[PDB]
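Asker: Residue numbers (PDB author numbering), protein chains in the order written: chain A, 1 to 302; chain A', 1 to 302. A prime marks a further copy of an entry chain.
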Ligand SMILES: *[C@H](O)[C@H](C[C@@H]1CCNC1=O)NC(=O)[C@H](CC(C)C)NC(=O)OCc1ccccc1
Ligand SMILES: *[C@H](O)[C@H](C[C@@H]1CCNC1=O)NC(=O)[C@H](CC(C)C)NC(=O)OCc1ccccc1
Ligand SMILES: [Cl-]
Ligand SMILES: [Cl-]
Ligand SMILES: [Cl-]
Ligand SMILES: [Cl-]
Ligand SMILES: [Cl-]
Ligand SMILES: [Cl-]
Ligand SMILES: [Mg+2]
Ligand SMILES: [Mg+2]
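1) Evaluate residue 196 of chain A with the Cβ neighbour count: other Cβ atoms within 10 Å of its Cβ, from every protein chain shown; 16 or more gives buried, anything less gives exposed.
2) Answer yes or no: the CB of residue 17 of chain A' versus the heavy atoms of ligand 9, is any distance below 6 Å?
3) Quick check on the DSSP output: what are the complete beta strand (DSSP E) runs of length 3 or more inside the segment 99-169 of chain A', in order along the chain?
4) Distance cutoff 7 Å, beta carbons only. Does residue 10 of chain A' sit that close to anything in chain A?
5) Tell me whether residue 78 of chain A' is buried or exposed, calling it buried when 16 or more other Cβ atoms sit within 10 Å of its Cβ.
6) Do you know how far the Cα of residue 238 of chain A is from the Cα of residue 143 of chain A?
7) Could you give the distance in angstroms between the alpha-carbon of residue 61 of chain A' and the alpha-carbon of residue 176 of chain A'?
8) With DSSP run on the structure shown, which of helix, strand or coil describes residue 173 of chain A?
9) Does the distance between the C-beta of residue 126 of chain A' and the nearest non-hydrogen atom of ligand 8 fall short of 6 Å?
10) Out of A/44, A/208, A/65 and A/3, point me to the one whose CA is closest to residue 55 of chain A's CA.
11) Ligand 10 heavy atoms versus the CB of residue 62 of chain A': any closer than 6 Å?
12) Identify, in the order they occur along the chain, each residue of the same chain with its Cβ nearer than 6 Å to the Cβ of residue 81 of chain A, setting aside the five sequence neighbours on each side.
13) Taking 6 Å as the cut-off, is the beta-carbon of residue 103 of chain A' closer than that to any non-hydrogen atom of ligand 6?
14) Rounding to the nearest angstrom, what Cα-Cα distance links residue 18 of chain A' and residue 272 of chain A' in this structure?
15) Buried or exposed: residue 304 of chain A, going by 16 or more other Cβ atoms within 10 Å of its Cβ?
16) Cα separation between residue 327 of chain A' and residue 109 of chain A'?
17) Please find out if some non-hydrogen atom of ligand 1 comes closer than 6 Å to the beta-carbon of residue 22 of chain A.
18) Could you pull the DSSP bridge partners for residue 28 of chain A' from this structure?
19) Cβ closer than 7 Å: which chain A residues qualify as neighbours of residue 283 of chain A'?
20) Compare the C-beta of residue 3 of chain A' against all C-beta atoms of chain A and say whether one is closer than 7 Å.
21) My output table needs one value for residue 284 of chain A': the three-state DSSP class, helix, strand or coil.
22) Do you know how far the Cα of residue 32 of chain A' is from the Cα of residue 156 of chain A'?
23) Please report the residue range of the beta strand (DSSP E) in which residue 88 of chain A lies.
24) Select from the segment 164-176 of chain A all residues with a C-beta closer than 9 Å to any C-beta belonging to chain A', and list them in chain order.
25) List, in chain order, every chain A residue whose beta-carbon is nearer than 9 Å to that of residue 99 of chain A'.
26) Is it buried or exposed, residue 47 of chain A', if we count other Cβ atoms within 10 angstroms and call 16 or more buried?
27) Is it right to say residue 49 of chain A' is buried, meaning 16 or more other beta carbons lie within 10 angstroms of its own, or is it exposed?
28) Does the beta-carbon of residue 100 of chain A have 16 or more other beta-carbons within 10 angstroms, so that it is buried, or is it exposed?
29) Restricting to Cα atoms, I'd like to know which of A/277, A/158, A/194 and A/168 is closest to residue 218 of chain A.
30) Are the CB atoms of residue 42 of chain A and residue 27 of chain A nearer to each other than 7 Å?
31) Quick check on residue 202 of chain A' - is its C-beta less than 7 Å from some C-beta in chain A?
32) What residue range is occupied by the uninterrupted alpha helix (DSSP H) comprising residue 251 of chain A?
33) Taking the CB atoms as reference points, tell me whether residue 198 of chain A and residue 240 of chain A lie closer together than 7 Å.
34) Examine chain A' for any beta-carbon lying closer than 7 Å to the beta-carbon of residue 182 of chain A, and answer yes or no.
35) Between residue 129 of chain A' and chain A, is any beta-carbon pair separated by less than 7 Å?
36) Note down, in chain order, every chain A residue with its Cβ under 9 Å from the Cβ of residue 185 of chain A'.
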């Protein structure tokens, strides 16, 4: 038993991380088959950061302007192109360590593992959720751009995030592997601000089921509620309304514990209204909304 | 910027995990050079779990009683021996994926990455601290035994934990790679109970410095205190006394922020006495003691 924020083993992704240099600018890239993906701000000139012309800047560059480093070995760049906010660098050598992989765009509330990297070498791995305001709360310094977020099913890697930038509030923004930003942000240093965020109601319920499964049950009541009744409380405490599909994906967790989704909603309701009586749930003194229903089934069934 | 519980990339350890079967009993092993380490309770007969004679049980077993599986490939067992609570299985084939590695015994308060495994295949990675009561708060089910805890420096893996058992309170116990238990526990199903735990004062201070470095500073006061004054408060709130060596290893963090160790102690003091005013520090509503001084320097300096 026990419940901890848990990342996926990063080995299959570590064997795809390379370093990308264009000029003075260095960051990470993702070497899959004969191609290396990295953020397109790797070609920005120092003062042309406020509003860079990426089309103009990219046609200026040869294959020779891009150094692609994979240890103490230089991969050969034989083509430079752009898709949305990601460069693609064709190389003559395919990645012998290439795994079965898809590219996927995830939804707010959904989690992925981040492999934080600097100068091409993996540094640490941690779990993130895409917030409703389309940012993540990660940990990222200068050199971290090109770090990816991913999920693993069987032997297939689902890559869903590439790191680009830090917003004033200390939160992070990036795109999918097609180079499209999550949220309303752009890859220029123009003033941008994370919108107002909300609590991922379905994920809080999932985590309360994780509690019950691990014997943390002090907060369970036997009060009735309804979807409409619960949503009136949700809205008041800055929680997303619970939808019927949200109810449906908590079906597994409801089946295993014998506690109807709406019984757990009446428990979450009393927690919102009365607080936690200076107690913890799974060692947290607040309600955790960064674990999906899937995350709980996966970790409470190995 | 940003601060998250962060594990080490698990790739170098993933390439050492194998499956070990003796009879009906299966669990993980650690294939380094020509040897496979696993917990010695892998040879326990079903009813001989209360007080197993491990010396008697092990001499009963051939090399042929131990199936060692590394994918869809069976490694050849050419010798069975025991060191404390770990079996060692000699194999004819050395691990081609073997990395530069030490075995180390860590101290209470110190952190490591866990690679949770089932039937030899890595499942997830997370960060743990050895508690003062010599348990860890991990996440572990049937089949997880043989999962290891590790640290990485340069290209060298420091393996410091192997998983053995779950205590009644939902907390976990294991040994070092020499097979010696952390804490007063034994690898038999006799009644054992985690002692009383305490808060790792040096790690809370480290994490408060992590806060200040990431701009979370509402809790900083300008009150004076002394080591003796602080320890009187520490003792009252079930914190370990701060020692001069604890003061010394916070030197890096004190240098970088301009805040003397004892100034931060006066801040931790007021937090203990007055609480957190329903606020968070780095997104936690309680004081986190699972990050070492080293963990903070490493993550706030990439
Ligand atoms: C990529 O390595 C780098 C990582 C950032 C900086 C430190 N922590 C991170 O996550 N990305 C950037 O530095 C980014 C570059 C632009 C070309 C996108 N700039 C940035 O993060 O700050 C931009 C900003 C300025 C003013 C308001 C809003 C955003
Ligand atoms: C190894 O795979 C297994 C994993 C445990 C069980 C579920 N979660 C875990 O972490 N280890 C054991 O099952 C262990 C076996 C003994 C031979 C050490 N037994 C156990 O964990 O419970 C023992 C116990 C009983 C009564 C009081 C105190 C401890
Ligand atoms: Cl694809
Ligand atoms: Cl590392
Ligand atoms: Cl994590
Ligand atoms: Cl050694
Ligand atoms: Cl996996
Ligand atoms: Cl973690
Ligand atoms: Mg183009
Ligand atoms: Mg022996």
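Built from N, CA and C at the ideal position, the CB exists for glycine as well.
Answerer: On the basis of the data shown:
1) exposed
2) no
3) 101-103, 111-118, 121-129, 148-153 and 156-166
4) yes
5) exposed
6) 35 Å
7) 24 Å
8) strand
9) yes
10) A/44
11) no
12) 88
13) yes
14) 46 Å
15) Examination of residue 304 of chain A is not possible in this model, given that chain A is present from 1 through 302 alone.
16) Look at the range of chain A' in this structure, 1 to 302, and you will see that residue 327 of chain A' is not part of it.
17) no
18) A'/19
19) 137
20) yes
21) strand
22) 13 Å
23) 86-91
24) 166, 170, 171 and 172
25) Under the 9 Å cutoff, chain A gives no residues; its nearest Cβ is about 12 Å from residue 99 of chain A'.
26) exposed
27) exposed
28) exposed
29) A/277
30) yes
31) no
32) 251-257
33) yes
34) no
35) no
36) Ordered by position in chain A, no residue passes the 9 Å Cβ test against residue 185 of chain A', which lies about 16 Å from the chain.
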